[PDB]
Each structure stands twice: as structure tokens, then as C-alpha cells.
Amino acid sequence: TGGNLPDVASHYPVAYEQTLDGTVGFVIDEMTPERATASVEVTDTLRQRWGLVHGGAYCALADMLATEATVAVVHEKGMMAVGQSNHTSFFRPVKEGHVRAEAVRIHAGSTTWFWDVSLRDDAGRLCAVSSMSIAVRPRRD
């Protein structure tokens, strides 16, 4: 897919280049049922006015990666998956380079999957983490 999001449907409401993810440049590298990775090159579109990666950008990258890692498994079982909680904590800022995210699945329940997502800079330092709780529900249409 665009951004390499999992291809689980024949068509999507919004094309990759037009979504938030498309606009800021998020790209998924690996995806398996228990772990997924994605990254993004830092440009001003990712920053706040003070020149640092925007807090919302780490949240969004985590959210898309954990959500979609769940969608990759559950869609074909007739479920929808959507984030119900995103708790991101910020340890070190990023000014430039890339942000690289790794989502590790820690719980796969029938109604909720939980992913721990680490967000690292190009030196490998842990700049933020997000705890992503993803609701899983039967698709209604």
C-alpha cells in the first residue's frame, strides 16, 4: 500500500498521500502479528514552531503503527480495530534526522490488544514511548 500499510481491503476511504500519515511521511517497515516497525524523516511538517518534532507526531506514529498492526491480523476475521487510549511519554526531543518506532505486542485479548511502542532517534536513543490500547470489535457493516 501507500506507506506500506497492510493491504487488507480492495479499496480505502482516503488515499495514502492525502492522509495525515501520507502528508508527514510515515512508512511501515516490518509488520508481524507481534511486532511492527515504521519510521519517518523529520522535516518541518513534523515539527512545532520551536523547531522540535511535535509531541503529536510521536503520538500519531505510535497510533498508526499499533492500530494497523492490529488491523493486519483482525480485519480478515471480520473485526474492526481502533485506538481507545494512547499514552505517550516524552524523554528526549528530536530536532532532525528520523524518528523510528517499534511496536511490541504485549496483550492480545478478545476486545483489547495492547502494544508498547518505543520511538528512537538516529543515534538509537529512546526519545519517547507510547502505550497503545486498541479496541477490537466486530465490524458493523
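One-based numbering along the sequence shown.
Could you settle it for me: does 11-19 or 113-121 have the higher average Cα B factor in the PDB entry?
Taking the mean C-alpha B-factor of 11-19 and of 113-121, the larger value falls to 11-19.
Decide which of the stretches 48-56 and 23-31 has the higher mean C-alpha B-factor, going by the entry.
Stretch with the greater average CA B-factor: 23-31.
Once the chain's modelled residues are ordered by C-alpha B factor and cut into thirds, is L5 in the lowest, middle or highest one?
Ranked within chain, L5 CA B lands in the highest tercile.
Grab the CA temperature factor for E96 from the record and place it in the lowest, middle or highest third of its chain.
Middle third - that is where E96 ends up once the chain's C-alpha B-factors are sorted.
By the recorded C-alpha temperature factor, relative to the other modelled residues in its chain, which third is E68 in?
Ranked within chain, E68 CA B lands in the middle tercile.
Third of the chain's Cα B-factor distribution that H75 belongs to, per the entry
According to the entry, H75 has a C-alpha B-factor in the chain's highest third.
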